[PDB]
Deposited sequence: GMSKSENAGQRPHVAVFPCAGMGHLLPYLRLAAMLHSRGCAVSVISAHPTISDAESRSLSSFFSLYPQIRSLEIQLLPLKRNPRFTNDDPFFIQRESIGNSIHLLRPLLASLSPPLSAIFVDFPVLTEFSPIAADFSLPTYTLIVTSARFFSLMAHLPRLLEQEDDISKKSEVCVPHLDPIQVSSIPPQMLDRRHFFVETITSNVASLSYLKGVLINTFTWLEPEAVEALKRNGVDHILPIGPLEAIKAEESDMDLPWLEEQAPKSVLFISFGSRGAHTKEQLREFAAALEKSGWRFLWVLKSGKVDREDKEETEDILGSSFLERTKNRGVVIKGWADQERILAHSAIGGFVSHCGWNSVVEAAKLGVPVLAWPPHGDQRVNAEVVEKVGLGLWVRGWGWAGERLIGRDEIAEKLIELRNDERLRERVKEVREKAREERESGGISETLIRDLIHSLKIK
């Protein structure tokens, strides 16, 4: 017999994928896994990825909740309201779960269910240790009035200061619901058996140690998460390119920028001379609402770059593309999942964080030597950054010998961690044993 565990992401591709990856890592290491999904999904992509995952992993079981009656936050509240639907589902499981992994946002709401069933519950953090360090200190931080206006930096104990320019404004307003969501779930970490984070110690040593010293001693640096597998099968344009010559661009699972800004970047691509594969979601937040068809970049750019660039509109297999030998650079939005994959695959990064914790994730990218970053660009829409400025960075990414060498080291280190003797691997095996 082998232990049964369930994994439960609330919303977003950024949350969902790591959990699907965690579930596959658990299945590979000897556990029976159930993935719990809340329906209907806000986007086609999470729903499509869930269907795709189940076909790829027949052994993993699908548990679904139908939800009773800005969008991702609303979905988080929908799950919190409908969290009681999990109770009949957990009791029904053929072999009971010895563990469940639930998303950080629903830990408070799920706290009673964990108590009634006496079920050990852990959590997988999808953001950086440094941003998570700030999240844990937020309640103590909000006790003092010192972050309201005259604050250049916030000092989280045991790590160097976080400048206030990299902290999302909603996090610093007590009235805002975002603070309430973080403040409740942070208290809810006390009942967890462990808190899994998708980072490793040598990538973030001060931050991992800062969490342990600041009230999170069950933190487990389990990163990087392994790739979801796929049946082997655009390879051809990529296949036809010389190694290290192609720059991959993604601004996330959602659109980041204004058309004028994107066009400013695009001109920059041309000036740089990089061959590129670019994945564009100019649909803002939802797959379903995105109906634009390269109306964002204009026809002339496609005509001019037709030989040396491919623009994929919508979803792409980003991790799999990153793996390809042709790729030589990544222009990332600095979401922790993408940043970690760049670290894993040793791809040099030009960091362009637009919203949320991505500015702090960019700080980590710069600190480890994984990529180049300009703090002055700021949050999306604050400033217009011109072709000439962007191009200079693109040209640097190409030419920085040191960066390429440092990136290789990040990759070596990332590899060591998922090896048998590795800390991340040791820690997961240690947890599975705890059964």
Counting from 1 along the deposited sequence, what's missing? 1-9, 79-88, 253-254, 457-459
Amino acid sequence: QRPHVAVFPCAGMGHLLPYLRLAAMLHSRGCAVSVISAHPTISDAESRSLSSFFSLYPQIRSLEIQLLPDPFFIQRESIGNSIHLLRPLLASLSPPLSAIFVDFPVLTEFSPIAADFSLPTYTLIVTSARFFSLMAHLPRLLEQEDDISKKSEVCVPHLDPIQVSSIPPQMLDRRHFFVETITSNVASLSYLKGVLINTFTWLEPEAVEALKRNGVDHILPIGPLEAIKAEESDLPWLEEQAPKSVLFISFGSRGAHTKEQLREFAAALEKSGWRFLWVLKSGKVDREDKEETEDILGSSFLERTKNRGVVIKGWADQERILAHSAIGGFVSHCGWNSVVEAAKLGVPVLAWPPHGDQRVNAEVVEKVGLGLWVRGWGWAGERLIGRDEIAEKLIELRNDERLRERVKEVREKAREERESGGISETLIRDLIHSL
From here on, numbers count along this sequence of modelled residues.
Given the B-factors recorded for C-alpha atoms, which segment has the greater mean, 312-320 or 80-88? 80-88
Can you let me know which of the two, 367-375 or 405-413, has the higher average C-alpha B-factor in the entry? 405-413
For the C-alpha B-factor as written in the entry, point me to the maximum among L235, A268, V331, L297. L235
Scanning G252, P354, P71, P105 for peak Cα temperature factor in the entry gives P71
Splitting the chain's C-alpha B-factors into thirds, which one does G381 fall into? lowest
Among modelled residues of the same chain, the CA temperature factor third for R21: lowest
Chain-wide C-alpha B factor ranking for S62, given as lowest, middle or highest third: middle
Of the three thirds of its chain by CA temperature factor, lowest, middle or highest, which one includes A99? highest
Within this chain, which third does the Cα B-factor at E226 fall in: lowest, middle or highest? middle
